[PDB]
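Okay, query01.txt now, which holds compact mmCIF, N, CA and C atoms:
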```txt
# COMPACT_ATOMS: atom_id res chain seq x y z
N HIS V 1 29.70 -17.83 247.54
CA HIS V 1 30.19 -19.08 248.21
C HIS V 1 30.44 -19.05 249.73
N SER V 2 31.68 -19.39 250.11
CA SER V 2 32.16 -19.44 251.49
C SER V 2 31.47 -18.42 252.36
N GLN V 3 31.67 -17.14 252.04
CA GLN V 3 31.04 -16.01 252.74
C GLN V 3 29.80 -15.51 251.93
N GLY V 4 29.59 -16.21 250.79
CA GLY V 4 28.51 -16.01 249.85
C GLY V 4 27.11 -15.93 250.44
N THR V 5 26.92 -14.75 251.09
CA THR V 5 25.77 -14.09 251.79
C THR V 5 25.09 -14.27 253.17
N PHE V 6 24.97 -13.11 253.83
CA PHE V 6 24.28 -12.90 255.12
C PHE V 6 24.01 -11.41 255.53
N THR V 7 24.83 -10.52 254.95
CA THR V 7 24.74 -9.08 255.14
C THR V 7 24.09 -8.56 253.88
N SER V 8 24.29 -9.29 252.79
CA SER V 8 23.60 -8.97 251.56
C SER V 8 22.30 -9.74 251.89
N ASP V 9 21.81 -9.50 253.11
CA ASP V 9 20.61 -10.10 253.65
C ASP V 9 20.11 -9.31 254.83
N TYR V 10 20.28 -9.93 256.00
CA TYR V 10 19.79 -9.41 257.30
C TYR V 10 19.51 -7.89 257.50
N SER V 11 20.34 -7.04 256.92
CA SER V 11 20.28 -5.63 257.15
C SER V 11 19.02 -4.76 256.99
N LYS V 12 17.91 -5.37 256.64
CA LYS V 12 16.68 -4.60 256.53
C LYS V 12 15.81 -4.68 257.79
N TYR V 13 15.90 -5.80 258.53
CA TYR V 13 15.18 -5.99 259.80
C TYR V 13 15.64 -4.78 260.68
N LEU V 14 16.86 -4.34 260.37
CA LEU V 14 17.47 -3.18 260.99
C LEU V 14 16.64 -1.95 260.53
N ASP V 15 16.36 -1.93 259.24
CA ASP V 15 15.55 -0.89 258.64
C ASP V 15 14.07 -1.11 259.03
N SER V 16 13.76 -2.33 259.45
CA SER V 16 12.41 -2.65 259.88
C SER V 16 12.22 -2.07 261.31
N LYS V 17 13.31 -2.04 262.07
CA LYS V 17 13.22 -1.46 263.39
C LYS V 17 13.41 0.02 263.13
N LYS V 18 14.10 0.46 262.08
CA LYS V 18 14.23 1.92 261.87
C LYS V 18 12.94 2.52 261.36
N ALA V 19 12.02 1.63 261.00
CA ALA V 19 10.68 1.99 260.55
C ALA V 19 9.76 2.24 261.74
N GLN V 20 9.83 1.33 262.72
CA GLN V 20 9.05 1.43 263.96
C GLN V 20 9.38 2.73 264.68
N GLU V 21 10.60 3.22 264.46
CA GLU V 21 11.10 4.48 265.00
C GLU V 21 10.41 5.62 264.30
N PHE V 22 10.23 5.60 262.97
CA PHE V 22 9.52 6.74 262.30
C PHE V 22 8.09 7.01 262.80
N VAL V 23 7.52 6.02 263.47
CA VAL V 23 6.18 6.05 264.09
C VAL V 23 6.43 6.11 265.61
N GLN V 24 7.54 5.52 266.06
CA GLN V 24 7.92 5.63 267.49
C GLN V 24 7.94 7.16 267.53
N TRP V 25 8.33 7.71 266.40
CA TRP V 25 8.39 9.10 266.30
C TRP V 25 7.04 9.72 265.81
N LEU V 26 6.50 9.26 264.66
CA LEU V 26 5.22 9.76 264.15
C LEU V 26 4.13 9.27 265.09
N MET V 27 4.31 9.52 266.38
CA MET V 27 3.34 9.10 267.37
C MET V 27 3.79 9.20 268.88
N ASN V 28 4.45 8.13 269.32
CA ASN V 28 4.88 7.95 270.69
C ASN V 28 3.98 8.50 271.75
N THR V 29 2.96 7.66 272.01
CA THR V 29 1.95 7.79 273.04
C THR V 29 1.30 9.12 273.03
N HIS Z 1 45.24 18.73 266.09
CA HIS Z 1 45.34 19.70 267.23
C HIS Z 1 44.09 19.95 268.09
N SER Z 2 43.71 21.23 268.17
CA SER Z 2 42.56 21.73 268.92
C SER Z 2 41.44 20.70 268.97
N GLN Z 3 40.89 20.38 267.80
CA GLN Z 3 39.83 19.36 267.65
C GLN Z 3 40.46 18.01 267.19
N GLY Z 4 41.80 18.07 267.03
CA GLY Z 4 42.66 16.97 266.65
C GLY Z 4 42.48 15.67 267.41
N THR Z 5 41.34 15.05 267.05
CA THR Z 5 40.68 13.74 267.40
C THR Z 5 39.87 13.23 268.61
N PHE Z 6 38.70 12.68 268.26
CA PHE Z 6 37.74 11.99 269.14
C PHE Z 6 36.61 11.16 268.44
N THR Z 7 36.35 11.54 267.18
CA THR Z 7 35.38 10.90 266.32
C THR Z 7 36.20 10.06 265.36
N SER Z 8 37.42 10.51 265.12
CA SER Z 8 38.36 9.72 264.34
C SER Z 8 38.85 8.83 265.52
N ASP Z 9 37.88 8.32 266.27
CA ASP Z 9 38.10 7.47 267.43
C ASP Z 9 36.83 6.73 267.78
N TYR Z 10 36.25 7.16 268.89
CA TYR Z 10 35.05 6.54 269.51
C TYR Z 10 34.07 5.68 268.66
N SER Z 11 33.83 6.09 267.42
CA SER Z 11 32.83 5.48 266.59
C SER Z 11 32.74 3.98 266.28
N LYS Z 12 33.63 3.19 266.85
CA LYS Z 12 33.55 1.76 266.63
C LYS Z 12 32.83 1.02 267.77
N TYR Z 13 32.88 1.57 269.00
CA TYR Z 13 32.18 1.01 270.17
C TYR Z 13 30.68 0.97 269.72
N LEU Z 14 30.37 1.91 268.81
CA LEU Z 14 29.08 2.02 268.19
C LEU Z 14 28.91 0.76 267.30
N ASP Z 15 29.96 0.46 266.56
CA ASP Z 15 30.00 -0.71 265.71
C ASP Z 15 30.17 -1.97 266.60
N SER Z 16 30.64 -1.75 267.82
CA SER Z 16 30.81 -2.86 268.75
C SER Z 16 29.40 -3.23 269.30
N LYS Z 17 28.54 -2.21 269.41
CA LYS Z 17 27.20 -2.50 269.87
C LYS Z 17 26.48 -2.92 268.59
N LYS Z 18 26.88 -2.49 267.40
CA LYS Z 18 26.15 -2.96 266.19
C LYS Z 18 26.50 -4.39 265.87
N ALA Z 19 27.51 -4.88 266.57
CA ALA Z 19 27.97 -6.27 266.45
C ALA Z 19 27.11 -7.18 267.33
N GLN Z 20 26.87 -6.74 268.57
CA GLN Z 20 26.03 -7.46 269.53
C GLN Z 20 24.63 -7.65 268.96
N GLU Z 21 24.23 -6.73 268.08
CA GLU Z 21 22.96 -6.76 267.37
C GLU Z 21 22.99 -7.87 266.35
N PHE Z 22 24.07 -8.06 265.58
CA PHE Z 22 24.09 -9.17 264.59
C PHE Z 22 23.88 -10.58 265.17
N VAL Z 23 24.07 -10.70 266.48
CA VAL Z 23 23.89 -11.92 267.28
C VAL Z 23 22.62 -11.68 268.12
N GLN Z 24 22.35 -10.42 268.46
CA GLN Z 24 21.09 -10.08 269.16
C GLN Z 24 20.16 -10.66 268.10
N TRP Z 25 20.62 -10.55 266.88
CA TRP Z 25 19.87 -11.06 265.81
C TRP Z 25 20.20 -12.56 265.50
N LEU Z 26 21.48 -12.89 265.27
CA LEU Z 26 21.89 -14.28 265.01
C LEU Z 26 21.70 -15.06 266.30
N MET Z 27 20.51 -14.96 266.88
CA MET Z 27 20.22 -15.66 268.12
C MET Z 27 18.88 -15.25 268.85
N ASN Z 28 19.01 -14.21 269.68
CA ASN Z 28 17.96 -13.71 270.52
C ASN Z 28 17.02 -14.72 271.10
N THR Z 29 17.55 -15.32 272.18
CA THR Z 29 16.92 -16.28 273.06
C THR Z 29 16.30 -17.40 272.33
N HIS I 1 5.78 18.91 246.98
CA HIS I 1 4.30 18.65 246.99
C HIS I 1 3.78 17.41 247.76
N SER I 2 3.06 16.56 247.03
CA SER I 2 2.45 15.33 247.52
C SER I 2 3.28 14.71 248.64
N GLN I 3 4.51 14.31 248.31
CA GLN I 3 5.47 13.74 249.27
C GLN I 3 6.47 14.84 249.73
N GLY I 4 6.25 16.04 249.15
CA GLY I 4 6.98 17.26 249.41
C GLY I 4 7.19 17.63 250.87
N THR I 5 8.11 16.82 251.45
CA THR I 5 8.76 16.74 252.80
C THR I 5 8.31 16.23 254.19
N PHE I 6 9.18 15.38 254.73
CA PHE I 6 9.12 14.79 256.09
C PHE I 6 10.42 14.06 256.59
N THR I 7 11.23 13.64 255.61
CA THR I 7 12.51 12.98 255.84
C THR I 7 13.55 14.05 255.56
N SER I 8 13.18 14.99 254.70
CA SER I 8 14.03 16.14 254.46
C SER I 8 13.53 16.97 255.67
N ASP I 9 13.47 16.30 256.82
CA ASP I 9 13.02 16.87 258.08
C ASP I 9 13.48 16.01 259.23
N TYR I 10 12.50 15.33 259.82
CA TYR I 10 12.67 14.49 261.03
C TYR I 10 14.06 13.91 261.42
N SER I 11 14.83 13.50 260.43
CA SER I 11 16.07 12.81 260.65
C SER I 11 17.21 13.31 261.55
N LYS I 12 17.02 14.46 262.18
CA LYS I 12 18.05 14.95 263.07
C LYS I 12 17.77 14.61 264.54
N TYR I 13 16.48 14.47 264.91
CA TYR I 13 16.07 14.08 266.27
C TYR I 13 16.79 12.70 266.50
N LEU I 14 17.01 12.03 265.37
CA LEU I 14 17.73 10.78 265.32
C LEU I 14 19.20 11.10 265.70
N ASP I 15 19.71 12.17 265.10
CA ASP I 15 21.04 12.65 265.38
C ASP I 15 21.05 13.33 266.77
N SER I 16 19.87 13.71 267.24
CA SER I 16 19.76 14.32 268.55
C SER I 16 19.87 13.19 269.61
N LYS I 17 19.39 12.01 269.25
CA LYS I 17 19.52 10.90 270.17
C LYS I 17 20.92 10.37 269.90
N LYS I 18 21.51 10.54 268.71
CA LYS I 18 22.88 10.03 268.51
C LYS I 18 23.89 10.91 269.20
N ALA I 19 23.41 12.05 269.66
CA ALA I 19 24.20 13.02 270.43
C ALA I 19 24.26 12.61 271.90
N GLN I 20 23.09 12.25 272.44
CA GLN I 20 22.97 11.79 273.83
C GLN I 20 23.85 10.57 274.06
N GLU I 21 24.08 9.82 272.99
CA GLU I 21 24.94 8.64 272.97
C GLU I 21 26.38 9.08 273.10
N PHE I 22 26.83 10.13 272.40
CA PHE I 22 28.26 10.57 272.55
C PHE I 22 28.68 10.95 273.98
N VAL I 23 27.69 11.21 274.83
CA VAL I 23 27.83 11.54 276.25
C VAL I 23 27.33 10.30 277.02
N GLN I 24 26.39 9.57 276.43
CA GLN I 24 25.94 8.29 277.04
C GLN I 24 27.32 7.64 277.09
N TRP I 25 28.10 7.99 276.09
CA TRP I 25 29.40 7.47 276.01
C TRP I 25 30.44 8.37 276.76
N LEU I 26 30.52 9.67 276.45
CA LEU I 26 31.44 10.60 277.13
C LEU I 26 30.94 10.76 278.55
N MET I 27 30.71 9.64 279.24
CA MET I 27 30.23 9.69 280.60
C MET I 27 29.73 8.32 281.21
N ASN I 28 28.45 8.04 280.95
CA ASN I 28 27.74 6.90 281.47
C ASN I 28 28.11 6.45 282.85
N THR I 29 27.50 7.20 283.79
CA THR I 29 27.52 7.02 285.23
C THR I 29 28.90 6.88 285.75
```
As structure tokens, what does this structure read like?
Amino acid sequence: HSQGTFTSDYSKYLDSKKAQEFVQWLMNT
Amino acid sequence: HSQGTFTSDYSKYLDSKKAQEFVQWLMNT
Amino acid sequence: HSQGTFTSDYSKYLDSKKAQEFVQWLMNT
């Protein structure tokens, strides 16, 4: 309800940027 | 004492920047 | 084997950059 969801949401785009890092890492120019 | 606190401290400014991200996200231009 | 290691690896360089932050913090110009 009231607070009935947004973190039980958004938090993967975070993991989506933590993914770009694994290649930011498995690569980086 | 000796090591008697600094991480049982500082670690929220981290959460303070993780907050700017929720709007970096709940917004971003 | 097959998936027999890379995360049971890489993940500290992450902590290595989280270290630069503790001084990015225990300092910053």
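Atom pair atom N of residue 2 in chain I / atom C of residue 24 in chain V has a distance of 23.1 Å (rounded to one decimal).
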* To do: Compute the set of chain I residues within 12 Å of chain V, using only C-alpha atoms, and express it as an NGL selection string.
  => :I and (6-7 or 9-14 or 17)
Reference chain I, mobile chain V, all Cα atoms fitted, written as a CSV table (one decimal) with N, CA and C atoms, keeping the file's coordinate frame:
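The result, written out as out25.csv:
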```csv
chain,number,residue,atom,x,y,z
V,1,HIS,N,5.8,18.9,247.0
V,1,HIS,CA,4.3,18.7,247.0
V,1,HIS,C,3.8,17.4,247.8
V,2,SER,N,3.1,16.6,247.0
V,2,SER,CA,2.5,15.3,247.5
V,2,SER,C,3.3,14.7,248.6
V,3,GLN,N,4.5,14.3,248.3
V,3,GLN,CA,5.5,13.7,249.3
V,3,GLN,C,6.5,14.8,249.7
V,4,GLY,N,6.2,16.0,249.2
V,4,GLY,CA,7.0,17.3,249.4
V,4,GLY,C,7.2,17.6,250.9
V,5,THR,N,8.1,16.8,251.5
V,5,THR,CA,8.8,16.7,252.8
V,5,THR,C,8.3,16.2,254.2
V,6,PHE,N,9.2,15.4,254.7
V,6,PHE,CA,9.1,14.8,256.1
V,6,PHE,C,10.4,14.1,256.6
V,7,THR,N,11.2,13.6,255.6
V,7,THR,CA,12.5,13.0,255.8
V,7,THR,C,13.5,14.0,255.6
V,8,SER,N,13.2,15.0,254.7
V,8,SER,CA,14.0,16.1,254.5
V,8,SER,C,13.5,17.0,255.7
V,9,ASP,N,13.5,16.3,256.8
V,9,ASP,CA,13.0,16.9,258.1
V,9,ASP,C,13.5,16.0,259.2
V,10,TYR,N,12.5,15.3,259.8
V,10,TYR,CA,12.7,14.5,261.0
V,10,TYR,C,14.1,13.9,261.4
V,11,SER,N,14.8,13.5,260.4
V,11,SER,CA,16.1,12.8,260.7
V,11,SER,C,17.2,13.3,261.5
V,12,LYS,N,17.0,14.5,262.2
V,12,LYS,CA,18.1,15.0,263.1
V,12,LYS,C,17.8,14.6,264.5
V,13,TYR,N,16.5,14.5,264.9
V,13,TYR,CA,16.1,14.1,266.3
V,13,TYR,C,16.8,12.7,266.5
V,14,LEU,N,17.0,12.0,265.4
V,14,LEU,CA,17.7,10.8,265.3
V,14,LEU,C,19.2,11.1,265.7
V,15,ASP,N,19.7,12.2,265.1
V,15,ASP,CA,21.0,12.7,265.4
V,15,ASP,C,21.1,13.3,266.8
V,16,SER,N,19.9,13.7,267.2
V,16,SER,CA,19.8,14.3,268.5
V,16,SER,C,19.9,13.2,269.6
V,17,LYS,N,19.4,12.0,269.2
V,17,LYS,CA,19.5,10.9,270.2
V,17,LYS,C,20.9,10.4,269.9
V,18,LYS,N,21.5,10.5,268.7
V,18,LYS,CA,22.9,10.0,268.5
V,18,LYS,C,23.9,10.9,269.2
V,19,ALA,N,23.4,12.1,269.7
V,19,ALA,CA,24.2,13.0,270.4
V,19,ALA,C,24.3,12.6,271.9
V,20,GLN,N,23.1,12.2,272.4
V,20,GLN,CA,23.0,11.8,273.8
V,20,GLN,C,23.8,10.6,274.1
V,21,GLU,N,24.1,9.8,273.0
V,21,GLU,CA,24.9,8.6,273.0
V,21,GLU,C,26.4,9.1,273.1
V,22,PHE,N,26.8,10.1,272.4
V,22,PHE,CA,28.3,10.6,272.6
V,22,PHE,C,28.7,11.0,274.0
V,23,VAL,N,27.7,11.2,274.8
V,23,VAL,CA,27.8,11.5,276.3
V,23,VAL,C,27.3,10.3,277.0
V,24,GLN,N,26.4,9.6,276.4
V,24,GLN,CA,25.9,8.3,277.0
V,24,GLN,C,27.3,7.6,277.1
V,25,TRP,N,28.1,8.0,276.1
V,25,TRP,CA,29.4,7.5,276.0
V,25,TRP,C,30.4,8.4,276.8
V,26,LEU,N,30.5,9.7,276.4
V,26,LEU,CA,31.4,10.6,277.1
V,26,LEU,C,30.9,10.8,278.6
V,27,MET,N,30.7,9.6,279.2
V,27,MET,CA,30.2,9.7,280.6
V,27,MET,C,29.7,8.3,281.2
V,28,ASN,N,28.5,8.0,280.9
V,28,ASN,CA,27.7,6.9,281.5
V,28,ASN,C,28.1,6.5,282.9
V,29,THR,N,27.5,7.2,283.8
V,29,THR,CA,27.5,7.0,285.2
V,29,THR,C,28.9,6.9,285.8
```
Could you add the missing atoms to range 13-26 of chain Z, up to N, CA, C and O atoms, and return them as a short mmCIF file (atom, residue, chain, number, x, y, z; two decimals), in the frame of the given file?
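Okay, this is what ended up in result-v3.cif:
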```
data_model
loop_
_atom_site.label_atom_id
_atom_site.label_comp_id
_atom_site.auth_asym_id
_atom_site.auth_seq_id
_atom_site.Cartn_x
_atom_site.Cartn_y
_atom_site.Cartn_z
N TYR Z 13 32.88 1.57 269.00
CA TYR Z 13 32.18 1.01 270.17
C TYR Z 13 30.68 0.97 269.72
O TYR Z 13 29.87 0.10 270.13
N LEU Z 14 30.37 1.91 268.81
CA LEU Z 14 29.08 2.02 268.19
C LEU Z 14 28.91 0.76 267.30
O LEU Z 14 27.86 0.09 267.31
N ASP Z 15 29.96 0.46 266.56
CA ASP Z 15 30.00 -0.71 265.71
C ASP Z 15 30.17 -1.97 266.60
O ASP Z 15 29.80 -3.09 266.23
N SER Z 16 30.64 -1.75 267.82
CA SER Z 16 30.81 -2.86 268.75
C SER Z 16 29.40 -3.23 269.30
O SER Z 16 29.11 -4.40 269.68
N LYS Z 17 28.54 -2.21 269.41
CA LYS Z 17 27.20 -2.50 269.87
C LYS Z 17 26.48 -2.92 268.59
O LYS Z 17 25.52 -3.63 268.70
N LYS Z 18 26.88 -2.49 267.40
CA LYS Z 18 26.15 -2.96 266.19
C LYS Z 18 26.50 -4.39 265.87
O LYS Z 18 25.89 -5.00 265.00
N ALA Z 19 27.51 -4.88 266.57
CA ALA Z 19 27.97 -6.27 266.45
C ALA Z 19 27.11 -7.18 267.33
O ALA Z 19 26.74 -8.30 266.92
N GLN Z 20 26.87 -6.74 268.57
CA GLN Z 20 26.03 -7.46 269.53
C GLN Z 20 24.63 -7.65 268.96
O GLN Z 20 23.94 -8.62 269.33
N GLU Z 21 24.23 -6.73 268.08
CA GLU Z 21 22.96 -6.76 267.37
C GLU Z 21 22.99 -7.87 266.35
O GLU Z 21 22.03 -8.58 266.28
N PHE Z 22 24.07 -8.06 265.58
CA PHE Z 22 24.09 -9.17 264.59
C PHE Z 22 23.88 -10.58 265.17
O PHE Z 22 23.57 -11.52 264.45
N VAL Z 23 24.07 -10.70 266.48
CA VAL Z 23 23.89 -11.92 267.28
C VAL Z 23 22.62 -11.68 268.12
O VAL Z 23 21.91 -12.63 268.49
N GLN Z 24 22.35 -10.42 268.46
CA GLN Z 24 21.09 -10.08 269.16
C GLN Z 24 20.16 -10.66 268.10
O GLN Z 24 19.11 -11.27 268.39
N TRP Z 25 20.62 -10.55 266.88
CA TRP Z 25 19.87 -11.06 265.81
C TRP Z 25 20.20 -12.56 265.50
O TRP Z 25 19.29 -13.38 265.43
N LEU Z 26 21.48 -12.89 265.27
CA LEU Z 26 21.89 -14.28 265.01
C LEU Z 26 21.70 -15.06 266.30
O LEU Z 26 22.63 -15.74 266.75
#
```
